[PDB]
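Trainee: What follows is the file final39.txt, containing compact mmCIF, C-alpha atoms and all ligand atoms:
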# COMPACT_ATOMS: atom_id res chain seq x y z
CA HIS A 452 53.24 -37.99 -124.04
CA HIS A 453 49.96 -37.56 -126.08
CA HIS A 454 49.07 -38.49 -129.76
CA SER A 455 51.98 -36.37 -131.22
CA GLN A 456 54.28 -39.34 -130.22
CA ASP A 457 51.77 -41.99 -131.54
CA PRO A 458 52.74 -43.12 -135.09
CA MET A 459 50.53 -42.36 -138.18
CA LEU A 460 49.85 -45.13 -140.79
CA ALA A 461 49.29 -45.51 -144.59
CA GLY A 462 45.59 -44.62 -145.24
CA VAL A 463 45.34 -41.70 -142.70
CA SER A 464 48.41 -39.37 -143.24
CA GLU A 465 47.72 -36.84 -146.09
CA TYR A 466 51.32 -36.89 -147.59
CA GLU A 467 54.35 -39.28 -147.72
CA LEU A 468 57.97 -37.92 -147.75
CA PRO A 469 61.20 -39.91 -148.42
CA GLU A 470 63.25 -40.93 -145.29
CA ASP A 471 67.02 -40.29 -144.84
CA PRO A 472 67.95 -42.49 -141.81
CA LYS A 473 71.01 -40.19 -141.18
CA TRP A 474 68.51 -37.33 -140.39
CA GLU A 475 65.30 -39.21 -139.29
CA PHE A 476 64.41 -38.87 -135.55
CA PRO A 477 61.83 -41.25 -133.95
CA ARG A 478 58.59 -39.46 -132.83
CA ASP A 479 58.33 -41.47 -129.53
CA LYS A 480 61.69 -39.90 -128.33
CA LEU A 481 60.37 -36.32 -129.12
CA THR A 482 58.13 -34.57 -126.47
CA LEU A 483 56.43 -31.36 -127.82
CA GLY A 484 56.24 -28.48 -125.25
CA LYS A 485 55.41 -24.72 -125.02
CA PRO A 486 55.02 -22.90 -128.40
CA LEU A 487 57.83 -20.32 -129.11
CA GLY A 488 56.27 -17.00 -130.36
CA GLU A 489 53.60 -16.36 -133.09
CA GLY A 490 54.21 -15.13 -136.71
CA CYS A 491 56.93 -16.16 -139.26
CA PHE A 492 56.46 -19.16 -141.67
CA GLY A 493 54.75 -22.07 -139.78
CA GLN A 494 54.76 -22.91 -136.00
CA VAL A 495 57.91 -23.33 -133.80
CA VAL A 496 57.60 -25.15 -130.38
CA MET A 497 60.03 -26.18 -127.57
CA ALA A 498 60.51 -30.00 -127.24
CA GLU A 499 62.62 -32.61 -125.33
CA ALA A 500 64.49 -34.97 -127.76
CA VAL A 501 66.17 -38.12 -126.23
CA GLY A 502 69.45 -39.05 -128.03
CA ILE A 503 69.34 -36.22 -130.66
CA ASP A 504 72.92 -35.39 -129.41
CA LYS A 505 75.24 -38.29 -130.52
CA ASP A 506 77.82 -36.98 -127.91
CA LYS A 507 75.18 -37.80 -125.18
CA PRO A 508 72.88 -40.45 -126.77
CA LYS A 509 71.07 -41.40 -123.47
CA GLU A 510 70.53 -37.68 -122.47
CA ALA A 511 67.29 -35.75 -123.33
CA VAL A 512 68.08 -32.32 -124.95
CA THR A 513 65.82 -29.20 -125.30
CA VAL A 514 65.20 -28.50 -129.07
CA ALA A 515 63.00 -26.20 -131.24
CA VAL A 516 60.59 -28.02 -133.66
CA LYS A 517 59.32 -26.18 -136.82
CA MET A 518 55.99 -27.54 -138.26
CA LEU A 519 52.99 -26.52 -140.50
CA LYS A 520 49.62 -25.05 -139.33
CA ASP A 521 46.43 -27.19 -139.87
CA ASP A 522 45.43 -24.86 -142.82
CA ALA A 523 48.88 -24.98 -144.60
CA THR A 524 49.01 -25.31 -148.47
CA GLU A 525 50.96 -27.72 -150.78
CA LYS A 526 53.49 -24.84 -151.33
CA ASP A 527 53.87 -24.38 -147.49
CA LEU A 528 54.91 -28.12 -147.26
CA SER A 529 57.30 -27.79 -150.30
CA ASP A 530 58.81 -24.56 -148.78
CA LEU A 531 59.48 -26.33 -145.39
CA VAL A 532 61.02 -29.48 -147.09
CA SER A 533 63.28 -27.16 -149.25
CA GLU A 534 64.40 -25.20 -146.10
CA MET A 535 65.34 -28.57 -144.44
CA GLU A 536 67.17 -29.94 -147.57
CA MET A 537 69.14 -26.63 -147.98
CA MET A 538 70.34 -26.75 -144.30
CA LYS A 539 71.65 -30.33 -145.02
CA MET A 540 73.59 -28.90 -148.05
CA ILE A 541 74.89 -25.72 -146.23
CA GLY A 542 76.17 -27.90 -143.30
CA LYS A 543 76.95 -26.95 -139.65
CA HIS A 544 78.63 -23.84 -138.08
CA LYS A 545 78.71 -22.56 -134.42
CA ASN A 546 77.14 -19.14 -135.34
CA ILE A 547 74.05 -20.52 -137.24
CA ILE A 548 70.94 -22.46 -136.01
CA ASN A 549 71.72 -26.08 -137.13
CA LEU A 550 69.45 -28.91 -138.41
CA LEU A 551 69.57 -31.64 -135.66
CA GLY A 552 67.07 -34.03 -137.36
CA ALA A 553 63.53 -34.43 -138.82
CA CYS A 554 60.32 -36.52 -138.38
CA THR A 555 59.29 -37.19 -142.05
CA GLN A 556 57.52 -40.59 -141.52
CA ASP A 557 54.40 -41.78 -139.62
CA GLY A 558 52.78 -38.28 -139.23
CA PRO A 559 53.25 -34.50 -139.82
CA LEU A 560 56.67 -33.06 -140.89
CA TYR A 561 58.77 -31.90 -137.87
CA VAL A 562 62.12 -30.09 -138.57
CA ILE A 563 64.26 -30.20 -135.35
CA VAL A 564 66.85 -27.38 -134.83
CA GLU A 565 69.11 -26.11 -131.95
CA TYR A 566 67.24 -24.36 -129.05
CA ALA A 567 68.38 -20.81 -128.04
CA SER A 568 67.27 -20.20 -124.39
CA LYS A 569 68.13 -16.42 -124.34
CA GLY A 570 65.75 -15.71 -127.31
CA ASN A 571 66.38 -13.27 -130.23
CA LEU A 572 69.25 -10.67 -130.18
CA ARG A 573 66.92 -7.57 -130.04
CA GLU A 574 65.12 -8.80 -126.84
CA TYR A 575 68.47 -10.22 -125.47
CA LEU A 576 70.24 -6.79 -125.86
CA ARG A 577 67.25 -4.65 -124.65
CA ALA A 578 67.01 -6.78 -121.44
CA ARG A 579 70.82 -6.37 -120.82
CA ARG A 580 70.82 -2.52 -121.24
CA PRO A 581 72.70 -0.48 -118.58
CA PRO A 582 70.90 2.07 -116.32
CA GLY A 583 70.11 5.29 -118.30
CA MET A 584 68.33 3.54 -121.27
CA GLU A 585 64.64 2.48 -121.82
CA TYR A 586 64.17 -0.81 -119.82
CA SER A 587 61.34 -2.58 -117.83
CA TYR A 588 61.32 -5.51 -115.27
CA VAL A 593 70.10 -9.21 -114.05
CA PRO A 594 72.94 -6.71 -113.31
CA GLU A 595 75.63 -9.47 -113.87
CA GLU A 596 74.31 -10.11 -117.46
CA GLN A 597 74.63 -6.34 -118.43
CA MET A 598 76.51 -5.84 -121.77
CA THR A 599 80.09 -4.38 -122.03
CA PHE A 600 81.63 -2.85 -125.24
CA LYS A 601 83.83 -6.04 -125.53
CA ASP A 602 80.55 -8.11 -125.52
CA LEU A 603 79.04 -5.91 -128.33
CA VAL A 604 82.26 -6.35 -130.45
CA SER A 605 82.33 -10.14 -129.64
CA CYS A 606 78.60 -10.36 -130.63
CA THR A 607 79.29 -8.52 -133.98
CA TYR A 608 82.42 -10.69 -134.66
CA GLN A 609 80.41 -13.96 -134.11
CA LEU A 610 77.63 -12.93 -136.60
CA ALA A 611 80.33 -11.92 -139.18
CA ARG A 612 81.93 -15.42 -138.82
CA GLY A 613 78.43 -16.95 -139.30
CA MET A 614 77.73 -14.90 -142.50
CA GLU A 615 81.28 -15.66 -143.85
CA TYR A 616 80.38 -19.41 -143.58
CA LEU A 617 76.87 -19.04 -145.19
CA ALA A 618 78.42 -16.91 -148.03
CA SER A 619 81.25 -19.50 -148.61
CA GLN A 620 78.45 -22.17 -148.90
CA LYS A 621 76.76 -20.08 -151.70
CA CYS A 622 73.90 -19.03 -149.29
CA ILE A 623 72.24 -15.54 -149.58
CA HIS A 624 70.15 -14.71 -146.43
CA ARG A 625 68.06 -11.77 -147.88
CA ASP A 626 66.67 -10.80 -144.39
CA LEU A 627 69.66 -10.48 -141.96
CA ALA A 628 68.42 -8.57 -138.83
CA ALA A 629 68.49 -8.87 -134.97
CA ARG A 630 64.99 -10.57 -135.04
CA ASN A 631 66.51 -13.42 -137.19
CA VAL A 632 69.45 -13.86 -134.72
CA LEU A 633 69.04 -16.14 -131.62
CA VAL A 634 71.26 -16.41 -128.45
CA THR A 635 71.99 -19.79 -126.70
CA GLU A 636 72.46 -20.65 -122.95
CA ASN A 637 76.24 -19.87 -123.32
CA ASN A 638 75.65 -16.50 -125.15
CA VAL A 639 76.52 -18.00 -128.62
CA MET A 640 75.11 -15.86 -131.52
CA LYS A 641 73.26 -18.11 -134.09
CA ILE A 642 71.75 -16.80 -137.42
CA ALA A 643 68.20 -18.10 -138.29
CA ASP A 644 65.92 -18.29 -141.43
CA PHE A 645 69.00 -18.62 -143.76
CA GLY A 646 67.70 -21.75 -145.62
CA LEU A 647 64.49 -20.03 -146.87
CA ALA A 648 64.45 -20.44 -150.70
CA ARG A 649 60.80 -19.18 -150.36
CA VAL A 650 59.17 -17.10 -153.16
CA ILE A 651 56.58 -14.61 -151.72
CA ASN A 652 53.62 -12.73 -153.31
CA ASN A 653 51.54 -10.04 -151.48
CA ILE A 654 54.66 -7.80 -150.91
CA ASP A 655 54.09 -4.53 -148.91
CA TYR A 656 57.25 -2.66 -147.66
CA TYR A 657 55.00 0.21 -146.31
CA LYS A 658 52.69 -1.92 -144.01
CA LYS A 659 54.35 -3.06 -140.69
CA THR A 660 54.59 -6.83 -139.89
CA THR A 661 52.91 -8.48 -136.81
CA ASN A 662 55.54 -7.14 -134.29
CA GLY A 663 55.81 -3.63 -135.88
CA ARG A 664 58.98 -4.29 -138.02
CA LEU A 665 59.54 -2.79 -141.53
CA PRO A 666 62.03 -5.24 -143.18
CA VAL A 667 62.73 -2.57 -145.93
CA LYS A 668 64.90 -0.72 -143.31
CA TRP A 669 67.42 -3.67 -143.62
CA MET A 670 67.20 -3.94 -147.49
CA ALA A 671 70.05 -2.57 -149.70
CA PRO A 672 68.90 -0.12 -152.42
CA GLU A 673 69.39 -2.67 -155.31
CA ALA A 674 67.35 -5.26 -153.29
CA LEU A 675 64.39 -2.76 -153.03
CA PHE A 676 64.28 -1.31 -156.60
CA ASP A 677 65.77 -4.18 -158.73
CA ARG A 678 65.09 -7.15 -156.30
CA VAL A 679 68.86 -7.96 -156.62
CA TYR A 680 69.89 -10.11 -153.58
CA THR A 681 73.66 -10.97 -153.36
CA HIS A 682 76.31 -11.42 -150.58
CA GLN A 683 76.98 -7.62 -150.96
CA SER A 684 73.22 -6.89 -150.34
CA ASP A 685 73.57 -9.12 -147.19
CA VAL A 686 76.59 -6.93 -146.14
CA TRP A 687 74.32 -3.78 -146.22
CA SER A 688 71.90 -5.68 -143.88
CA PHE A 689 74.90 -6.62 -141.62
CA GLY A 690 75.55 -2.83 -141.42
CA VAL A 691 71.98 -2.21 -140.07
CA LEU A 692 72.50 -5.28 -137.76
CA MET A 693 75.71 -3.57 -136.41
CA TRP A 694 73.59 -0.40 -135.67
CA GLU A 695 70.98 -2.57 -133.80
CA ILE A 696 73.83 -4.14 -131.69
CA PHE A 697 75.64 -0.86 -130.68
CA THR A 698 72.26 0.86 -129.91
CA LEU A 699 71.44 -2.33 -127.85
CA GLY A 700 68.21 -3.32 -129.69
CA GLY A 701 67.62 0.12 -131.30
CA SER A 702 64.96 0.26 -134.09
CA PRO A 703 66.67 1.54 -137.32
CA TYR A 704 65.74 4.89 -139.03
CA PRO A 705 63.52 5.56 -135.97
CA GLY A 706 60.32 7.60 -136.67
CA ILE A 707 61.27 7.89 -140.43
CA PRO A 708 58.28 6.98 -142.68
CA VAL A 709 59.11 4.47 -145.51
CA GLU A 710 58.49 7.16 -148.23
CA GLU A 711 61.16 9.51 -146.68
CA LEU A 712 63.66 6.56 -146.29
CA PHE A 713 64.09 6.00 -150.10
CA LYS A 714 64.61 9.80 -150.69
CA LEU A 715 67.06 9.94 -147.68
CA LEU A 716 69.26 6.99 -148.92
CA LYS A 717 69.16 8.39 -152.54
CA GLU A 718 70.53 11.79 -151.24
CA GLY A 719 73.36 9.76 -149.55
CA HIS A 720 72.23 10.23 -145.88
CA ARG A 721 72.82 7.19 -143.56
CA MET A 722 72.03 6.49 -139.84
CA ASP A 723 74.03 8.47 -137.17
CA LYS A 724 76.92 6.95 -135.10
CA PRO A 725 75.52 5.13 -132.01
CA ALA A 726 76.66 6.34 -128.51
CA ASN A 727 78.52 3.02 -127.74
CA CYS A 728 80.09 2.88 -131.29
CA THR A 729 83.77 3.91 -131.93
CA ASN A 730 84.80 5.97 -135.04
CA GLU A 731 86.60 2.85 -136.46
CA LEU A 732 83.42 0.68 -135.97
CA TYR A 733 81.07 3.38 -137.46
CA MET A 734 83.33 3.63 -140.60
CA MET A 735 82.79 -0.19 -140.92
CA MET A 736 78.95 0.38 -140.72
CA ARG A 737 79.17 3.20 -143.36
CA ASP A 738 81.38 0.99 -145.65
CA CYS A 739 78.52 -1.63 -145.55
CA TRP A 740 76.06 1.18 -146.61
CA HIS A 741 77.97 2.09 -149.85
CA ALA A 742 75.37 2.71 -152.65
CA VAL A 743 77.59 0.67 -155.10
CA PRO A 744 77.46 -3.05 -154.08
CA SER A 745 81.09 -3.75 -155.24
CA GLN A 746 82.47 -0.93 -152.95
CA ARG A 747 81.02 -2.67 -149.81
CA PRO A 748 83.38 -4.88 -147.73
CA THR A 749 83.21 -8.73 -148.03
CA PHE A 750 82.40 -10.87 -144.92
CA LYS A 751 86.00 -12.28 -145.11
CA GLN A 752 87.20 -8.64 -144.60
CA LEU A 753 84.57 -7.92 -141.84
CA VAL A 754 85.76 -11.04 -139.84
CA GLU A 755 89.49 -10.04 -140.13
CA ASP A 756 88.65 -6.39 -139.14
CA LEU A 757 86.41 -7.45 -136.17
CA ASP A 758 88.97 -10.14 -135.02
CA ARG A 759 91.64 -7.33 -134.89
CA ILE A 760 89.42 -4.92 -132.80
CA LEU A 761 88.36 -7.80 -130.42
CA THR A 762 92.04 -8.77 -129.64
CA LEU A 763 92.79 -5.01 -129.03
CA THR A 764 89.82 -4.13 -126.68
CA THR A 765 91.08 -7.22 -124.68
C1 LIG A 801 59.07 -18.28 -136.21
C2 LIG A 801 58.67 -17.44 -135.00
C3 LIG A 801 59.84 -16.62 -134.45
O1 LIG A 801 60.35 -15.82 -135.16
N1 LIG A 801 60.35 -16.77 -133.11
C4 LIG A 801 61.59 -15.93 -132.48
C5 LIG A 801 61.84 -16.42 -131.23
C6 LIG A 801 61.19 -17.80 -131.22
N2 LIG A 801 62.08 -18.77 -131.70
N3 LIG A 801 62.16 -19.17 -132.98
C7 LIG A 801 63.10 -20.08 -133.06
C8 LIG A 801 63.50 -20.79 -134.33
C9 LIG A 801 63.81 -21.30 -135.32
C10 LIG A 801 64.33 -21.87 -136.63
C11 LIG A 801 63.59 -22.85 -137.26
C12 LIG A 801 64.03 -23.39 -138.45
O2 LIG A 801 63.22 -24.38 -139.03
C13 LIG A 801 63.78 -25.23 -139.99
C14 LIG A 801 65.22 -22.94 -139.01
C15 LIG A 801 65.97 -21.95 -138.37
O3 LIG A 801 67.19 -21.47 -138.89
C16 LIG A 801 67.40 -21.64 -140.27
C17 LIG A 801 65.52 -21.41 -137.17
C18 LIG A 801 63.67 -20.28 -131.76
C19 LIG A 801 64.68 -21.09 -131.19
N4 LIG A 801 65.47 -22.02 -131.98
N5 LIG A 801 64.93 -20.99 -129.89
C20 LIG A 801 64.23 -20.14 -129.12
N6 LIG A 801 63.27 -19.36 -129.61
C21 LIG A 801 62.98 -19.42 -130.93
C22 LIG A 801 59.94 -17.60 -132.17
Please go through the file and, once you have read it, give me the structure as structure tokens.
Mentor:
Amino acid sequence: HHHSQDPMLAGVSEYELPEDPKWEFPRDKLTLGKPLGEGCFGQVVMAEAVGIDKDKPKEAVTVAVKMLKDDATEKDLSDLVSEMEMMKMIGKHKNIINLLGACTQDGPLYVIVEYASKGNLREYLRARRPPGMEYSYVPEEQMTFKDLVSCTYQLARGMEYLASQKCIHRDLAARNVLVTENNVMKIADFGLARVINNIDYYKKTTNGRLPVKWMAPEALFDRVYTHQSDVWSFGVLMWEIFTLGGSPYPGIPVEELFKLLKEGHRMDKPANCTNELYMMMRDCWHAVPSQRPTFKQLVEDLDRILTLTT
């Protein structure tokens, strides 16, 4: 209840955006809270939004608010506005992080999206590992095989939707998946139409990730990003899930990786994986993009296995 809720006027604010009343959320009903992790494009913070849910208009809801740093550039603003406008176009699905609203007027740009209490899939899985795997300080919340299949099936449904809405993710991985209070799998950073300079697929990111380990060959060499290149990434995502937060091509330097994939070597079958499920992973990792399965096929396959295990 500080000066984040206090309106900004004409003659102080640095930029003016256009308002869409359908999407606009009033600043005085938004209460900014604890910041959610460092890194990625801009800042994300927890907040309480009163009446953001039209199914409970008098009830305050916990939301995540994406915003710009105080040293952000004209392009950083443009890139955030484009991400917002693309999420409006792509529309809503259960298994993606959804645009709830925006504060575009009377101060800095806030983009309000669904809050996921259980955090990202990697940290969610690692925490819910059984005894016998690397863990550090709930037994009821421990994962079963059915839960790993269910989790995979949900993310396939999500990607089927994004793909049907002409959306190419380009960075599908466990770190860009979030898990809600009711264990719903939601895909994140899917709106990013961002162009990047200063590329380095050898140097590790802030939290030690090498995003090249999720990239399809044609995405690396030719910078060709399609729905089929997303399917390769979904393959590596499947590995992450069935290793319960396993780091792909573990201990393999980036140089060796390119040579390894060229020679036709892929990652080994995880312990918790079935032969049927591993053949799905290996189908995703076909060198030829057109020989990979579509997300429509992955959903139908995973729906079949999920009804069987149950
Ligand atoms: C950006 C820093 C980061 O990666 N975090 C991971 C965990 C934590 N965290 N981030 C989000 C988010 C988000 C988000 C924002 C936008 O802005 C338009 C779009 C989007 O999908 C397209 C996703 C978190 C949420 N929602 N809940 C909990 N932790 C979150 C920081």
Trainee: Around ligand LIG 801 (chain A), which protein and nucleic acid residues have at least one atom no more than 6 Å from it, if we count only C-alpha atoms and all ligand atoms? List them as a list in words.
Mentor: residues 487, 488, 489, 490, 491, 495, 515, 517, 535, 548, 562, 565, 566, 567, 568, 570, 571, 643, 644, 645 and 646 of chain A
Trainee: Work out how far apart CA of residue 622 in chain A and CA of residue 542 in chain A are and give it in Å to one decimal.
Mentor: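 Separation between CA of residue 622 in chain A and CA of residue 542 in chain A: 10.9 Å.
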Trainee: List as number ranges by chain: which residues have an atom within 8 Å of (72.8, -1.6, -153.2), counting only C-alpha atoms?
Mentor: A: 671-674, 683-684, 687, 740-744
Trainee: Counting all atoms listed in the file, which residue out of A:676, A:694, A:573, A:468 sits closest to residue 717 in chain A?
Mentor: A:676
Trainee: Would you list the residues near (69.9, 7.7, -144.0), meaning any protein, DNA or RNA residue with an atom at most 10 Å from that point in file coordinates, counting all atoms listed in the file, as a ChimeraX atom specification?
Mentor: /A:668,703-704,707,711-723,740
Trainee: Determine the nearest neighbour of residue 509 in chain A from the options A:521, A:480, A:702, A:459, counting all atoms listed in the file.
Mentor: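 That would be A:480, the residue with the smallest distance to residue 509 in chain A.
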Trainee: Tell me which of A:629, A:538, A:639, A:675 sits closest to residue 654 in chain A, counting all atoms listed in the file.
Mentor: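 Among the listed residues, the smallest separation from residue 654 in chain A belongs to A:675.
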Trainee: Leaving out range 551-555 of chain A and any residue of its chain fewer than 4 positions from it, which residues lie within 6 Å of it when counting only C-alpha atoms, given as a ChimeraX atom specification?
Mentor: /A:468,474-476,560-564
Trainee: Grab the CA of residue 745 in chain A to CA of residue 572 in chain A distance for me, in Å with one decimal place.
Mentor: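 Taking CA of residue 745 in chain A and CA of residue 572 in chain A, their separation equals 28.6 Å.
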Trainee: Please report the interatomic distance between CA of residue 729 in chain A and CA of residue 692 in chain A in Å with one decimal.
Mentor: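 A separation of 15.7 Å between them.
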Trainee: Between A:453, A:601, A:649, A:485, which residue has the minimum interatomic distance to residue 530 in chain A, considering all atoms listed in the file?
Mentor: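 Comparing A:453, A:601, A:649, A:485 against residue 530 in chain A, the winner is A:649.
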Trainee: For a quick check of understanding, using all atoms listed in the file, which of A:527, A:677, A:585, A:755 has the smallest distance to residue 651 in chain A?
Mentor: A:527
Trainee: For a quick check of understanding, using all atoms listed in the file, which of A:539, A:678, A:454, A:579 has the smallest distance to residue 471 in chain A?
Mentor: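 The shortest atom-to-atom distance to residue 471 in chain A comes from A:539.
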Trainee: Tell me, as a PDB file with C-alpha atoms, keeping the file's coordinate frame, which residues lie within 10 Å of residue 574 in chain A, counting all atoms listed in the file; anything in the same chain fewer than 5 positions away does not count.
Mentor:
ATOM      1  CA  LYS A 569      68.130 -16.420-124.340  1.00  0.00           C
ATOM      2  CA  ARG A 579      70.820  -6.370-120.820  1.00  0.00           C
ATOM      3  CA  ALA A 629      68.490  -8.870-134.970  1.00  0.00           C
ATOM      4  CA  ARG A 630      64.990 -10.570-135.040  1.00  0.00           C
ATOM      5  CA  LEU A 633      69.040 -16.140-131.620  1.00  0.00           C
ATOM      6  CA  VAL A 634      71.260 -16.410-128.450  1.00  0.00           C
ATOM      7  CA  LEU A 699      71.440  -2.330-127.850  1.00  0.00           C
ATOM      8  CA  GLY A 700      68.210  -3.320-129.690  1.00  0.00           C
TER       9      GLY A 700
END
Trainee: Do you know which residues are at most 12 Å from residue 619 in chain A counting all atoms listed in the file, after dropping those on the same chain fewer than 4 positions away, and could you put them as a list in words?
Mentor: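 Counting all atoms listed in the file, the residues come to residues 541, 542, 544, 612, 613, 614, 615, 623, 682, 749, 750 and 751 of chain A.
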Trainee: Write the selection just made, keeping C-alpha atoms, as a short mmCIF file (atom, residue, chain, number, x, y, z; two decimals), in the frame of the given file?
Mentor:
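Wrote it out as out.cif, contents follow:
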data_model
loop_
_atom_site.label_atom_id
_atom_site.label_comp_id
_atom_site.auth_asym_id
_atom_site.auth_seq_id
_atom_site.Cartn_x
_atom_site.Cartn_y
_atom_site.Cartn_z
CA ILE A 541 74.89 -25.72 -146.23
CA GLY A 542 76.17 -27.90 -143.30
CA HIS A 544 78.63 -23.84 -138.08
CA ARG A 612 81.93 -15.42 -138.82
CA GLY A 613 78.43 -16.95 -139.30
CA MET A 614 77.73 -14.90 -142.50
CA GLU A 615 81.28 -15.66 -143.85
CA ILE A 623 72.24 -15.54 -149.58
CA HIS A 682 76.31 -11.42 -150.58
CA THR A 749 83.21 -8.73 -148.03
CA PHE A 750 82.40 -10.87 -144.92
CA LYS A 751 86.00 -12.28 -145.11
#
Trainee: Would you mind writing range 673-692 of chain A with N, CA and C atoms, as an mmCIF file, in the coordinates of the input?
Mentor:
data_model
loop_
_atom_site.group_PDB
_atom_site.id
_atom_site.type_symbol
_atom_site.label_atom_id
_atom_site.label_comp_id
_atom_site.auth_asym_id
_atom_site.auth_seq_id
_atom_site.Cartn_x
_atom_site.Cartn_y
_atom_site.Cartn_z
ATOM 1 N N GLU A 673 69.539 -1.808 -154.099
ATOM 2 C CA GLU A 673 69.390 -2.670 -155.310
ATOM 3 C C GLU A 673 68.420 -3.818 -155.016
ATOM 4 N N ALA A 674 68.303 -4.226 -153.749
ATOM 5 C CA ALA A 674 67.350 -5.260 -153.290
ATOM 6 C C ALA A 674 65.921 -4.692 -153.364
ATOM 7 N N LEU A 675 65.718 -3.431 -152.967
ATOM 8 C CA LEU A 675 64.390 -2.760 -153.030
ATOM 9 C C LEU A 675 63.946 -2.612 -154.489
ATOM 10 N N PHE A 676 64.679 -1.808 -155.258
ATOM 11 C CA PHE A 676 64.280 -1.310 -156.600
ATOM 12 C C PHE A 676 64.358 -2.427 -157.644
ATOM 13 N N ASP A 677 65.451 -3.197 -157.655
ATOM 14 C CA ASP A 677 65.770 -4.180 -158.730
ATOM 15 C C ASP A 677 65.538 -5.618 -158.240
ATOM 16 N N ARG A 678 65.246 -5.817 -156.948
ATOM 17 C CA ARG A 678 65.090 -7.150 -156.300
ATOM 18 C C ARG A 678 66.354 -7.980 -156.538
ATOM 19 N N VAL A 679 67.520 -7.329 -156.462
ATOM 20 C CA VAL A 679 68.860 -7.960 -156.620
ATOM 21 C C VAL A 679 69.400 -8.292 -155.229
ATOM 22 N N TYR A 680 69.414 -9.580 -154.880
ATOM 23 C CA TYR A 680 69.890 -10.110 -153.580
ATOM 24 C C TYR A 680 71.191 -10.890 -153.820
ATOM 25 N N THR A 681 72.300 -10.380 -153.276
ATOM 26 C CA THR A 681 73.660 -10.970 -153.360
ATOM 27 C C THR A 681 74.270 -10.993 -151.959
ATOM 28 N N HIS A 682 75.516 -11.457 -151.840
ATOM 29 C CA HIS A 682 76.310 -11.420 -150.580
ATOM 30 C C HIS A 682 76.574 -9.958 -150.202
ATOM 31 N N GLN A 683 76.730 -9.070 -151.190
ATOM 32 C CA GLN A 683 76.980 -7.620 -150.960
ATOM 33 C C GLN A 683 75.714 -6.949 -150.416
ATOM 34 N N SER A 684 74.527 -7.379 -150.857
ATOM 35 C CA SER A 684 73.220 -6.890 -150.340
ATOM 36 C C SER A 684 73.034 -7.365 -148.892
ATOM 37 N N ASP A 685 73.539 -8.564 -148.568
ATOM 38 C CA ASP A 685 73.570 -9.120 -147.190
ATOM 39 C C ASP A 685 74.476 -8.261 -146.303
ATOM 40 N N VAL A 686 75.580 -7.755 -146.862
ATOM 41 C CA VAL A 686 76.590 -6.930 -146.140
ATOM 42 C C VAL A 686 75.931 -5.611 -145.700
ATOM 43 N N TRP A 687 75.129 -4.986 -146.567
ATOM 44 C CA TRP A 687 74.320 -3.780 -146.220
ATOM 45 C C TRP A 687 73.504 -4.094 -144.962
ATOM 46 N N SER A 688 72.763 -5.205 -144.986
ATOM 47 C CA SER A 688 71.900 -5.680 -143.880
ATOM 48 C C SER A 688 72.741 -5.876 -142.610
ATOM 49 N N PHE A 689 73.955 -6.418 -142.749
ATOM 50 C CA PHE A 689 74.900 -6.620 -141.620
ATOM 51 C C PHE A 689 75.264 -5.261 -141.016
ATOM 52 N N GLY A 690 75.347 -4.224 -141.856
ATOM 53 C CA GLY A 690 75.550 -2.830 -141.420
ATOM 54 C C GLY A 690 74.450 -2.390 -140.468
ATOM 55 N N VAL A 691 73.191 -2.599 -140.863
ATOM 56 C CA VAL A 691 71.980 -2.210 -140.070
ATOM 57 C C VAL A 691 71.938 -3.077 -138.801
ATOM 58 N N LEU A 692 72.364 -4.341 -138.908
ATOM 59 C CA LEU A 692 72.500 -5.280 -137.760
ATOM 60 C C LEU A 692 73.531 -4.726 -136.764
#
